[PDB]
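Before any questions on how it binds or moves, here is one chain, the form deposited in one PDB entry, in structure tokens.
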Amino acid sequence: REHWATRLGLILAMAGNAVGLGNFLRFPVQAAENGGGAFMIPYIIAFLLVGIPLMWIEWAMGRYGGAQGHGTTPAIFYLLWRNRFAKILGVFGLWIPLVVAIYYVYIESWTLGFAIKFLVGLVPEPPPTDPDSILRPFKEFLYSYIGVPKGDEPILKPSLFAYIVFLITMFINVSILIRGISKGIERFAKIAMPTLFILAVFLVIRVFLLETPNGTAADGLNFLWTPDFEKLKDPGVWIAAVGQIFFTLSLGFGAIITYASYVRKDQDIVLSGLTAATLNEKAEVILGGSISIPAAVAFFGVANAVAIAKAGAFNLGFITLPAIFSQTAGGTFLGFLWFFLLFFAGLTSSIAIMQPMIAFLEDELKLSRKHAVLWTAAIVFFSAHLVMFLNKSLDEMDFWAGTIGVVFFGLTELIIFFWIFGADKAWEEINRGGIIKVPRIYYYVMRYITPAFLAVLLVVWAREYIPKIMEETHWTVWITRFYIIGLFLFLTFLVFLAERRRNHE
């Protein structure tokens, strides 16, 4: 089995797994939609009661499985709980990252396309003033790129450039993954994460210099970091905070587990896992939190910035920020640096969420790495045409896999590892080889607080929010639901074939 070559490479690869589009695009929108500082108290508590403990649990499960030649949850769940229902539940550890990859890599390809166009200066020129006259050319730029519907049909028509850039993006992902763990993912992380950190710090510094008649970047930081204890009673904020914690740390994707399956059986995971988790949170709240929101607040004020965040999920990062930059000398190049930052953040995450399918084809069906990578890329590239051409298919996949799925799977993996496998056996496995020990209080958190916290979350979610999404959406949501359900059945069939191959061997 491949292993990570160095401790630093392991940490930077895991940090690149975590640090992605969720830090720089998702977190600012989630925080702004939910009152800024009102969002941060639940967010911090969720990190301490969910993020950290599940990170350690996923590192432990992966290292445990890797020592027996298994890096994905169908086999690992079965090692922890010899029961054919364990293999079936483990399919979600292939399905969730595959479904997320199907729309994550496409969004990633937008950042590359925008980076290219901004580098070469093929960008809108606002009029030499009214905010709408500045924002509209950049809204039109995005809408022409992804092909937003101009009539009533729920149909997208991406530009030829966007389609080609998606092929290029897929090719870049493949060229890293096909070289493997140490010579591919690890080597790239050592280059990408330093670059990513420098670009982000430079953009924060540039954004901190923004000042208009409507405010300063400081006004944005006060909005994000000022507690509002009245919102501690709103379940929606807690739901939003925990969902972001899952998404930003790659928890419930089966991806941390697969990466940790390449950690040597004796090697520490307590300190390594905490460091990767801590690096992501720094990149999230310090870097991601200090670029988009302060820039938007400085130019428009809190109320307009909040409304911009609510209007869309891509408004802030693809329309508003480049528009703001356009009003400053060298703003087109700053836009390039922003989208180049997003691309590297995205790329280091998309190789991580495609590796589980690769590891399954290698570990369980005994495919060569070459064939495993090429077939995985083929499945993602083909399936992505649904997200490219059907309006709101992206949203449907992000909900079932990237929102509900991750939380459900995090509770599932905790119950399997800490209740069924055994809390004391799980606790020993986490701490074995640790440079540090997990604090004893966290044994009680993992066994009792974390599962109850999530169970309550999922119940209030399913009762007071989800029904709207099962009765109000447009009929085309069933196209995406049908397809991703078919993907689950396809992956279940592959697990079945892996069973019969081991039976026959």
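One-based numbering along the sequence shown. Take the two forms, find the largest set of C-alpha atoms that superpose within 1.5 Å, and that set is the rigid core.
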Inset, instruction - Go through the other compared entries with residues on either side of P128 and state whether a third or more give it no coordinates. - result: yes
Legend entry - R463 not built in a third or more of the other entries: no
Legend entry - Deposited residues omitted from coordinates between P128 and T129, as a class: 1 to 3
Inset, instruction - Select between 109 to 117 and 237 to 245 the stretch whose C-alpha atoms have the higher average B-factor in the entry. - result: 237 to 245
Inset, instruction - Look over 357 to 365 and 82 to 90 in the entry and identify the one with the greater average Cα temperature factor. - result: 82 to 90
Inset, instruction - Return the residue from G346, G410, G180, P124 that has the highest Cα B-factor in the entry. - result: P124
Legend entry - Which of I146, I185, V165, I191 ranks first by CA B-factor in the deposited coordinates: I191
Legend entry - Third of chain Cα B-factors occupied by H371: lowest
Inset, instruction - For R26, return the chain-relative third of its C-alpha B-factor as stated in the PDB record: lowest, middle or highest. - result: lowest
Inset, instruction - Taking the chain's C-alpha temperature factors as the reference, tell me which third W95 falls into: lowest, middle or highest. - result: lowest
Inset, instruction - Grab the CA temperature factor for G402 from the record and place it in the lowest, middle or highest third of its chain. - result: lowest
Inset, instruction - Compare the C-alpha B factor of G288 with those of the other modelled residues in its chain, then answer lowest, middle or highest third. - result: lowest
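Just so it is clear, the following notes concern the form deposited in another entry, a form of the same protein that is not shown.
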Legend entry - Of the candidates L203, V237, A323, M170, the only Cα that travels 2 Å or more between this form and the one not shown, given a rigid-core fit: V237
Legend entry - Threshold 2 Å Cα movement between this form and the one not shown at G66, rigid core reference: no
Legend entry - Yes/no, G35 Cα shift of 2 Å or more between this form and the one not shown with rigid core fixed: yes
